[PDB]
Amino acid sequence: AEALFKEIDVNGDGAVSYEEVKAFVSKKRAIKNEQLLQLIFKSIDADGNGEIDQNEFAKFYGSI
Amino acid sequence: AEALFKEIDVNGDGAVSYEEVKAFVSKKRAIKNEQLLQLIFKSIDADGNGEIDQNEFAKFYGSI
Amino acid sequence: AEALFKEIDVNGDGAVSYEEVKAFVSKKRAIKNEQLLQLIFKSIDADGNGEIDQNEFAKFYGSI
Ligand SMILES: [Ca+2]
Ligand SMILES: [Ca+2]
Ligand SMILES: [Ca+2]
Ligand SMILES: [Ca+2]
Ligand SMILES: [Ca+2]
Ligand SMILES: [Ca+2]
């Protein structure tokens, strides 16, 4: 229990401040970004080998 | 008069440049953000004592 | 040929990584921003002399 509260409560004083709220929401925004991008990258990386080669890029760019 | 113009005219040369425009719009974006966040924080801080405790957080998190 | 691929492929190893994708999309976001702002600035800079004076600013601010 209270896992989320502890995670926003960055200094662990048992209270959530405005700074920590601000910082949490920044953190969350960036993660959702990390995760959209990683999903898109996932999709273009056809052979799923971790890099995008000219063939995979071409297949993608050539669809827009 | 000219208060806004003076505020964007950061170097005070009597002309507004592209840099200053760019910087003003950044500034404004951040303030509107500061103010949405502060309003939201305001709303979760039920007892309005400046910090969010586990009871106030729980009341909030438990509504989504 | 492959101009775009070379441009995202920042380290030139012939493969596009997740970092480079991330960085490209940041770059693109900022350019579209640079270009909206520059177009807006363009429009307020009536005499198109590169700075915005109080008369041009007034004409603009006084339309909102
Ligand atoms: Ca705290
Ligand atoms: Ca691949
Ligand atoms: Ca100036
Ligand atoms: Ca409180
Ligand atoms: Ca590379
Ligand atoms: Ca001008």
# chains A, B, ... in the order shown; residues from 1 in each chain; ligands from 1
$ calpha_fit_and_write --fixed "chain C" --moving "chain B" --output "PDB file with N, CA, C and O atoms, in the first residue's frame"
ATOM      1  N   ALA B   1      20.186   9.825 -53.056  1.00  0.00           N
ATOM      2  CA  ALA B   1      19.402   8.843 -52.302  1.00  0.00           C
ATOM      3  C   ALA B   1      19.887   8.657 -50.853  1.00  0.00           C
ATOM      4  O   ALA B   1      21.070   8.894 -50.534  1.00  0.00           O
ATOM      5  N   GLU B   2      18.952   8.239 -49.998  1.00  0.00           N
ATOM      6  CA  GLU B   2      19.211   7.928 -48.588  1.00  0.00           C
ATOM      7  C   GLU B   2      19.526   9.169 -47.758  1.00  0.00           C
ATOM      8  O   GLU B   2      20.104   9.057 -46.683  1.00  0.00           O
ATOM      9  N   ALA B   3      19.141  10.345 -48.234  1.00  0.00           N
ATOM     10  CA  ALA B   3      19.557  11.566 -47.564  1.00  0.00           C
ATOM     11  C   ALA B   3      18.967  11.630 -46.163  1.00  0.00           C
ATOM     12  O   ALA B   3      19.691  11.880 -45.203  1.00  0.00           O
ATOM     13  N   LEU B   4      17.665  11.389 -46.053  1.00  0.00           N
ATOM     14  CA  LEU B   4      16.995  11.390 -44.761  1.00  0.00           C
ATOM     15  C   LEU B   4      17.594  10.354 -43.811  1.00  0.00           C
ATOM     16  O   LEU B   4      17.846  10.640 -42.641  1.00  0.00           O
ATOM     17  N   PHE B   5      17.813   9.146 -44.316  1.00  0.00           N
ATOM     18  CA  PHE B   5      18.405   8.089 -43.509  1.00  0.00           C
ATOM     19  C   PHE B   5      19.770   8.525 -42.952  1.00  0.00           C
ATOM     20  O   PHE B   5      20.081   8.305 -41.784  1.00  0.00           O
ATOM     21  N   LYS B   6      20.588   9.147 -43.792  1.00  0.00           N
ATOM     22  CA  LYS B   6      21.877   9.645 -43.337  1.00  0.00           C
ATOM     23  C   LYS B   6      21.715  10.704 -42.265  1.00  0.00           C
ATOM     24  O   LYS B   6      22.532  10.788 -41.357  1.00  0.00           O
ATOM     25  N   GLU B   7      20.649  11.494 -42.357  1.00  0.00           N
ATOM     26  CA  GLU B   7      20.449  12.611 -41.444  1.00  0.00           C
ATOM     27  C   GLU B   7      20.023  12.156 -40.040  1.00  0.00           C
ATOM     28  O   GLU B   7      20.430  12.729 -39.029  1.00  0.00           O
ATOM     29  N   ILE B   8      19.190  11.129 -39.981  1.00  0.00           N
ATOM     30  CA  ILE B   8      18.837  10.505 -38.717  1.00  0.00           C
ATOM     31  C   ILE B   8      20.003   9.658 -38.198  1.00  0.00           C
ATOM     32  O   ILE B   8      20.232   9.589 -36.996  1.00  0.00           O
ATOM     33  N   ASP B   9      20.744   9.030 -39.109  1.00  0.00           N
ATOM     34  CA  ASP B   9      21.870   8.186 -38.731  1.00  0.00           C
ATOM     35  C   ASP B   9      23.037   9.065 -38.326  1.00  0.00           C
ATOM     36  O   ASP B   9      24.055   9.140 -39.027  1.00  0.00           O
ATOM     37  N   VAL B  10      22.883   9.710 -37.178  1.00  0.00           N
ATOM     38  CA  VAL B  10      23.825  10.715 -36.689  1.00  0.00           C
ATOM     39  C   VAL B  10      25.293  10.271 -36.512  1.00  0.00           C
ATOM     40  O   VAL B  10      26.220  11.068 -36.744  1.00  0.00           O
ATOM     41  N   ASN B  11      25.507   9.020 -36.105  1.00  0.00           N
ATOM     42  CA  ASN B  11      26.870   8.504 -35.954  1.00  0.00           C
ATOM     43  C   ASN B  11      27.426   7.807 -37.217  1.00  0.00           C
ATOM     44  O   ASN B  11      28.577   7.365 -37.245  1.00  0.00           O
ATOM     45  N   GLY B  12      26.590   7.692 -38.252  1.00  0.00           N
ATOM     46  CA  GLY B  12      27.023   7.177 -39.533  1.00  0.00           C
ATOM     47  C   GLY B  12      27.443   5.718 -39.580  1.00  0.00           C
ATOM     48  O   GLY B  12      28.229   5.327 -40.440  1.00  0.00           O
ATOM     49  N   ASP B  13      26.912   4.897 -38.681  1.00  0.00           N
ATOM     50  CA  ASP B  13      27.259   3.478 -38.667  1.00  0.00           C
ATOM     51  C   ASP B  13      26.385   2.624 -39.613  1.00  0.00           C
ATOM     52  O   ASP B  13      26.562   1.389 -39.704  1.00  0.00           O
ATOM     53  N   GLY B  14      25.448   3.273 -40.308  1.00  0.00           N
ATOM     54  CA  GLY B  14      24.620   2.588 -41.287  1.00  0.00           C
ATOM     55  C   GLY B  14      23.377   1.937 -40.714  1.00  0.00           C
ATOM     56  O   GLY B  14      22.660   1.200 -41.403  1.00  0.00           O
ATOM     57  N   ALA B  15      23.129   2.215 -39.435  1.00  0.00           N
ATOM     58  CA  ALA B  15      21.968   1.681 -38.734  1.00  0.00           C
ATOM     59  C   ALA B  15      21.313   2.815 -37.990  1.00  0.00           C
ATOM     60  O   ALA B  15      21.999   3.695 -37.507  1.00  0.00           O
ATOM     61  N   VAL B  16      19.988   2.832 -37.926  1.00  0.00           N
ATOM     62  CA  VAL B  16      19.328   3.859 -37.130  1.00  0.00           C
ATOM     63  C   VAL B  16      18.906   3.257 -35.793  1.00  0.00           C
ATOM     64  O   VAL B  16      18.178   2.265 -35.746  1.00  0.00           O
ATOM     65  N   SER B  17      19.430   3.832 -34.716  1.00  0.00           N
ATOM     66  CA  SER B  17      19.134   3.384 -33.358  1.00  0.00           C
ATOM     67  C   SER B  17      17.916   4.107 -32.761  1.00  0.00           C
ATOM     68  O   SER B  17      17.439   5.110 -33.296  1.00  0.00           O
ATOM     69  N   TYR B  18      17.431   3.599 -31.633  1.00  0.00           N
ATOM     70  CA  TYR B  18      16.405   4.295 -30.865  1.00  0.00           C
ATOM     71  C   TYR B  18      16.831   5.712 -30.427  1.00  0.00           C
ATOM     72  O   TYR B  18      16.035   6.650 -30.493  1.00  0.00           O
ATOM     73  N   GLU B  19      18.071   5.884 -29.988  1.00  0.00           N
ATOM     74  CA  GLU B  19      18.503   7.222 -29.588  1.00  0.00           C
ATOM     75  C   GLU B  19      18.316   8.212 -30.729  1.00  0.00           C
ATOM     76  O   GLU B  19      17.873   9.334 -30.503  1.00  0.00           O
ATOM     77  N   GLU B  20      18.649   7.784 -31.946  1.00  0.00           N
ATOM     78  CA  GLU B  20      18.751   8.698 -33.071  1.00  0.00           C
ATOM     79  C   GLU B  20      17.361   9.047 -33.543  1.00  0.00           C
ATOM     80  O   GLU B  20      17.101  10.159 -34.022  1.00  0.00           O
ATOM     81  N   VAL B  21      16.477   8.068 -33.439  1.00  0.00           N
ATOM     82  CA  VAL B  21      15.083   8.293 -33.719  1.00  0.00           C
ATOM     83  C   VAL B  21      14.566   9.355 -32.757  1.00  0.00           C
ATOM     84  O   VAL B  21      13.966  10.350 -33.168  1.00  0.00           O
ATOM     85  N   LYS B  22      14.820   9.140 -31.466  1.00  0.00           N
ATOM     86  CA  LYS B  22      14.346  10.046 -30.416  1.00  0.00           C
ATOM     87  C   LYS B  22      14.804  11.455 -30.705  1.00  0.00           C
ATOM     88  O   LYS B  22      14.034  12.408 -30.606  1.00  0.00           O
ATOM     89  N   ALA B  23      16.071  11.568 -31.083  1.00  0.00           N
ATOM     90  CA  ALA B  23      16.726  12.845 -31.297  1.00  0.00           C
ATOM     91  C   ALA B  23      16.213  13.527 -32.547  1.00  0.00           C
ATOM     92  O   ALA B  23      16.139  14.748 -32.615  1.00  0.00           O
ATOM     93  N   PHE B  24      15.863  12.735 -33.545  1.00  0.00           N
ATOM     94  CA  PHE B  24      15.363  13.283 -34.789  1.00  0.00           C
ATOM     95  C   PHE B  24      14.017  13.904 -34.548  1.00  0.00           C
ATOM     96  O   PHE B  24      13.726  14.983 -35.049  1.00  0.00           O
ATOM     97  N   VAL B  25      13.187  13.211 -33.782  1.00  0.00           N
ATOM     98  CA  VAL B  25      11.830  13.675 -33.575  1.00  0.00           C
ATOM     99  C   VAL B  25      11.833  14.932 -32.719  1.00  0.00           C
ATOM    100  O   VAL B  25      11.009  15.823 -32.902  1.00  0.00           O
ATOM    101  N   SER B  26      12.780  15.017 -31.794  1.00  0.00           N
ATOM    102  CA  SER B  26      12.935  16.247 -31.032  1.00  0.00           C
ATOM    103  C   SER B  26      13.299  17.346 -31.998  1.00  0.00           C
ATOM    104  O   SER B  26      12.660  18.398 -32.027  1.00  0.00           O
ATOM    105  N   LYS B  27      14.328  17.094 -32.798  1.00  0.00           N
ATOM    106  CA  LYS B  27      14.779  18.078 -33.765  1.00  0.00           C
ATOM    107  C   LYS B  27      13.627  18.587 -34.638  1.00  0.00           C
ATOM    108  O   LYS B  27      13.431  19.790 -34.773  1.00  0.00           O
ATOM    109  N   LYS B  28      12.860  17.667 -35.216  1.00  0.00           N
ATOM    110  CA  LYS B  28      11.716  18.035 -36.041  1.00  0.00           C
ATOM    111  C   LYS B  28      10.679  18.857 -35.279  1.00  0.00           C
ATOM    112  O   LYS B  28      10.189  19.864 -35.786  1.00  0.00           O
ATOM    113  N   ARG B  29      10.326  18.440 -34.070  1.00  0.00           N
ATOM    114  CA  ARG B  29       9.379  19.236 -33.286  1.00  0.00           C
ATOM    115  C   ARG B  29       9.843  20.695 -33.181  1.00  0.00           C
ATOM    116  O   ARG B  29       9.081  21.626 -33.448  1.00  0.00           O
ATOM    117  N   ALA B  30      11.101  20.886 -32.797  1.00  0.00           N
ATOM    118  CA  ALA B  30      11.648  22.230 -32.622  1.00  0.00           C
ATOM    119  C   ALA B  30      11.642  23.061 -33.903  1.00  0.00           C
ATOM    120  O   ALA B  30      11.483  24.282 -33.841  1.00  0.00           O
ATOM    121  N   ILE B  31      11.832  22.416 -35.053  1.00  0.00           N
ATOM    122  CA  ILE B  31      11.894  23.143 -36.320  1.00  0.00           C
ATOM    123  C   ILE B  31      10.505  23.642 -36.710  1.00  0.00           C
ATOM    124  O   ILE B  31      10.340  24.799 -37.057  1.00  0.00           O
ATOM    125  N   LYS B  32       9.509  22.764 -36.647  1.00  0.00           N
ATOM    126  CA  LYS B  32       8.119  23.162 -36.864  1.00  0.00           C
ATOM    127  C   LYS B  32       7.704  24.323 -35.936  1.00  0.00           C
ATOM    128  O   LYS B  32       6.989  25.238 -36.344  1.00  0.00           O
ATOM    129  N   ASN B  33       8.149  24.276 -34.689  1.00  0.00           N
ATOM    130  CA  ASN B  33       7.992  25.399 -33.773  1.00  0.00           C
ATOM    131  C   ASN B  33       8.691  26.687 -34.243  1.00  0.00           C
ATOM    132  O   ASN B  33       8.093  27.770 -34.232  1.00  0.00           O
ATOM    133  N   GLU B  34       9.965  26.557 -34.620  1.00  0.00           N
ATOM    134  CA  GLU B  34      10.763  27.655 -35.159  1.00  0.00           C
ATOM    135  C   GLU B  34      10.042  28.282 -36.316  1.00  0.00           C
ATOM    136  O   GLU B  34      10.146  29.476 -36.558  1.00  0.00           O
ATOM    137  N   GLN B  35       9.312  27.457 -37.050  1.00  0.00           N
ATOM    138  CA  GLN B  35       8.718  27.894 -38.304  1.00  0.00           C
ATOM    139  C   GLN B  35       7.295  28.458 -38.175  1.00  0.00           C
ATOM    140  O   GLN B  35       6.901  29.354 -38.921  1.00  0.00           O
ATOM    141  N   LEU B  36       6.527  27.951 -37.220  1.00  0.00           N
ATOM    142  CA  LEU B  36       5.267  28.603 -36.905  1.00  0.00           C
ATOM    143  C   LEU B  36       5.548  30.010 -36.357  1.00  0.00           C
ATOM    144  O   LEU B  36       5.058  31.004 -36.900  1.00  0.00           O
ATOM    145  N   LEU B  37       6.353  30.065 -35.298  1.00  0.00           N
ATOM    146  CA  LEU B  37       6.791  31.308 -34.666  1.00  0.00           C
ATOM    147  C   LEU B  37       7.372  32.342 -35.646  1.00  0.00           C
ATOM    148  O   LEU B  37       7.154  33.553 -35.507  1.00  0.00           O
ATOM    149  N   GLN B  38       8.122  31.864 -36.629  1.00  0.00           N
ATOM    150  CA  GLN B  38       8.800  32.753 -37.553  1.00  0.00           C
ATOM    151  C   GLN B  38       7.779  33.321 -38.536  1.00  0.00           C
ATOM    152  O   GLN B  38       7.964  34.407 -39.097  1.00  0.00           O
ATOM    153  N   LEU B  39       6.692  32.583 -38.718  1.00  0.00           N
ATOM    154  CA  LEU B  39       5.637  32.956 -39.654  1.00  0.00           C
ATOM    155  C   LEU B  39       4.728  33.985 -38.998  1.00  0.00           C
ATOM    156  O   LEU B  39       4.374  35.010 -39.585  1.00  0.00           O
ATOM    157  N   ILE B  40       4.358  33.691 -37.762  1.00  0.00           N
ATOM    158  CA  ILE B  40       3.673  34.641 -36.911  1.00  0.00           C
ATOM    159  C   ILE B  40       4.471  35.933 -36.763  1.00  0.00           C
ATOM    160  O   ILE B  40       3.933  37.007 -36.981  1.00  0.00           O
ATOM    161  N   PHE B  41       5.747  35.831 -36.391  1.00  0.00           N
ATOM    162  CA  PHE B  41       6.590  37.021 -36.291  1.00  0.00           C
ATOM    163  C   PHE B  41       6.617  37.761 -37.605  1.00  0.00           C
ATOM    164  O   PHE B  41       6.608  38.993 -37.648  1.00  0.00           O
ATOM    165  N   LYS B  42       6.682  36.993 -38.683  1.00  0.00           N
ATOM    166  CA  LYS B  42       6.709  37.555 -40.022  1.00  0.00           C
ATOM    167  C   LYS B  42       5.491  38.455 -40.226  1.00  0.00           C
ATOM    168  O   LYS B  42       5.581  39.510 -40.855  1.00  0.00           O
ATOM    169  N   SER B  43       4.353  38.016 -39.688  1.00  0.00           N
ATOM    170  CA  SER B  43       3.059  38.649 -39.955  1.00  0.00           C
ATOM    171  C   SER B  43       2.877  39.943 -39.159  1.00  0.00           C
ATOM    172  O   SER B  43       2.295  40.924 -39.658  1.00  0.00           O
ATOM    173  N   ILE B  44       3.395  39.944 -37.930  1.00  0.00           N
ATOM    174  CA  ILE B  44       3.356  41.129 -37.080  1.00  0.00           C
ATOM    175  C   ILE B  44       4.397  42.169 -37.508  1.00  0.00           C
ATOM    176  O   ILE B  44       4.174  43.371 -37.346  1.00  0.00           O
ATOM    177  N   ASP B  45       5.519  41.707 -38.066  1.00  0.00           N
ATOM    178  CA  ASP B  45       6.554  42.603 -38.584  1.00  0.00           C
ATOM    179  C   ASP B  45       6.129  43.211 -39.926  1.00  0.00           C
ATOM    180  O   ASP B  45       6.726  42.932 -40.975  1.00  0.00           O
ATOM    181  N   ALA B  46       5.098  44.054 -39.871  1.00  0.00           N
ATOM    182  CA  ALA B  46       4.439  44.594 -41.064  1.00  0.00           C
ATOM    183  C   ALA B  46       5.406  45.187 -42.081  1.00  0.00           C
ATOM    184  O   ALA B  46       5.391  44.823 -43.255  1.00  0.00           O
ATOM    185  N   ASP B  47       6.234  46.120 -41.640  1.00  0.00           N
ATOM    186  CA  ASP B  47       7.169  46.757 -42.549  1.00  0.00           C
ATOM    187  C   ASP B  47       8.320  45.794 -42.871  1.00  0.00           C
ATOM    188  O   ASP B  47       9.309  46.176 -43.501  1.00  0.00           O
ATOM    189  N   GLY B  48       8.190  44.554 -42.409  1.00  0.00           N
ATOM    190  CA  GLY B  48       9.201  43.529 -42.628  1.00  0.00           C
ATOM    191  C   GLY B  48      10.655  43.964 -42.495  1.00  0.00           C
ATOM    192  O   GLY B  48      11.503  43.508 -43.256  1.00  0.00           O
ATOM    193  N   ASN B  49      10.954  44.827 -41.526  1.00  0.00           N
ATOM    194  CA  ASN B  49      12.329  45.293 -41.311  1.00  0.00           C
ATOM    195  C   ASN B  49      13.105  44.516 -40.235  1.00  0.00           C
ATOM    196  O   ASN B  49      14.217  44.912 -39.865  1.00  0.00           O
ATOM    197  N   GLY B  50      12.519  43.436 -39.720  1.00  0.00           N
ATOM    198  CA  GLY B  50      13.247  42.533 -38.844  1.00  0.00           C
ATOM    199  C   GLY B  50      13.072  42.721 -37.347  1.00  0.00           C
ATOM    200  O   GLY B  50      13.498  41.864 -36.562  1.00  0.00           O
ATOM    201  N   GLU B  51      12.446  43.829 -36.955  1.00  0.00           N
ATOM    202  CA  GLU B  51      12.139  44.091 -35.556  1.00  0.00           C
ATOM    203  C   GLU B  51      10.678  44.476 -35.491  1.00  0.00           C
ATOM    204  O   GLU B  51      10.126  44.892 -36.489  1.00  0.00           O
ATOM    205  N   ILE B  52      10.043  44.321 -34.336  1.00  0.00           N
ATOM    206  CA  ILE B  52       8.651  44.748 -34.163  1.00  0.00           C
ATOM    207  C   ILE B  52       8.610  46.026 -33.319  1.00  0.00           C
ATOM    208  O   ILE B  52       9.078  46.028 -32.184  1.00  0.00           O
ATOM    209  N   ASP B  53       8.109  47.127 -33.874  1.00  0.00           N
ATOM    210  CA  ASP B  53       8.087  48.381 -33.116  1.00  0.00           C
ATOM    211  C   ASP B  53       6.741  48.542 -32.405  1.00  0.00           C
ATOM    212  O   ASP B  53       5.847  47.701 -32.555  1.00  0.00           O
ATOM    213  N   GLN B  54       6.589  49.602 -31.624  1.00  0.00           N
ATOM    214  CA  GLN B  54       5.381  49.756 -30.821  1.00  0.00           C
ATOM    215  C   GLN B  54       4.136  49.883 -31.682  1.00  0.00           C
ATOM    216  O   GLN B  54       3.044  49.469 -31.274  1.00  0.00           O
ATOM    217  N   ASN B  55       4.297  50.451 -32.873  1.00  0.00           N
ATOM    218  CA  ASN B  55       3.166  50.620 -33.784  1.00  0.00           C
ATOM    219  C   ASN B  55       2.646  49.305 -34.334  1.00  0.00           C
ATOM    220  O   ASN B  55       1.434  49.069 -34.356  1.00  0.00           O
ATOM    221  N   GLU B  56       3.571  48.452 -34.772  1.00  0.00           N
ATOM    222  CA  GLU B  56       3.238  47.099 -35.210  1.00  0.00           C
ATOM    223  C   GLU B  56       2.741  46.236 -34.074  1.00  0.00           C
ATOM    224  O   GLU B  56       1.806  45.472 -34.248  1.00  0.00           O
ATOM    225  N   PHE B  57       3.364  46.346 -32.908  1.00  0.00           N
ATOM    226  CA  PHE B  57       2.872  45.579 -31.776  1.00  0.00           C
ATOM    227  C   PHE B  57       1.448  45.982 -31.418  1.00  0.00           C
ATOM    228  O   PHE B  57       0.595  45.125 -31.144  1.00  0.00           O
ATOM    229  N   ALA B  58       1.203  47.294 -31.411  1.00  0.00           N
ATOM    230  CA  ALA B  58      -0.089  47.859 -31.034  1.00  0.00           C
ATOM    231  C   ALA B  58      -1.170  47.380 -32.001  1.00  0.00           C
ATOM    232  O   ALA B  58      -2.244  46.951 -31.592  1.00  0.00           O
ATOM    233  N   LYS B  59      -0.871  47.441 -33.288  1.00  0.00           N
ATOM    234  CA  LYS B  59      -1.790  46.933 -34.288  1.00  0.00           C
ATOM    235  C   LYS B  59      -2.147  45.475 -34.009  1.00  0.00           C
ATOM    236  O   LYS B  59      -3.287  45.062 -34.215  1.00  0.00           O
ATOM    237  N   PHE B  60      -1.180  44.704 -33.519  1.00  0.00           N
ATOM    238  CA  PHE B  60      -1.405  43.295 -33.216  1.00  0.00           C
ATOM    239  C   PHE B  60      -2.135  43.048 -31.892  1.00  0.00           C
ATOM    240  O   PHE B  60      -3.182  42.386 -31.839  1.00  0.00           O
ATOM    241  N   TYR B  61      -1.555  43.546 -30.810  1.00  0.00           N
ATOM    242  CA  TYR B  61      -2.168  43.358 -29.509  1.00  0.00           C
ATOM    243  C   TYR B  61      -3.617  43.860 -29.499  1.00  0.00           C
ATOM    244  O   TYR B  61      -4.492  43.272 -28.848  1.00  0.00           O
ATOM    245  N   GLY B  62      -3.858  44.957 -30.218  1.00  0.00           N
ATOM    246  CA  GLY B  62      -5.170  45.575 -30.289  1.00  0.00           C
ATOM    247  C   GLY B  62      -6.160  44.806 -31.144  1.00  0.00           C
ATOM    248  O   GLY B  62      -7.232  45.312 -31.462  1.00  0.00           O
ATOM    249  N   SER B  63      -5.787  43.587 -31.521  1.00  0.00           N
ATOM    250  CA  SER B  63      -6.668  42.677 -32.247  1.00  0.00           C
ATOM    251  C   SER B  63      -6.815  41.380 -31.452  1.00  0.00           C
ATOM    252  O   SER B  63      -6.566  40.286 -31.981  1.00  0.00           O
ATOM    253  N   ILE B  64      -7.197  41.504 -30.175  1.00  0.00           N
ATOM    254  CA  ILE B  64      -7.489  40.309 -29.350  1.00  0.00           C
ATOM    255  C   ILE B  64      -7.987  40.677 -27.930  1.00  0.00           C
ATOM    256  O   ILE B  64      -7.619  41.723 -27.382  1.00  0.00           O
TER     257      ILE B  64
END
$ select_by_dssp --residues "chain A" --states "alpha helix (DSSP H)" --output "PyMOL selection string"
chain A and resi 3-8+18-44+54-61
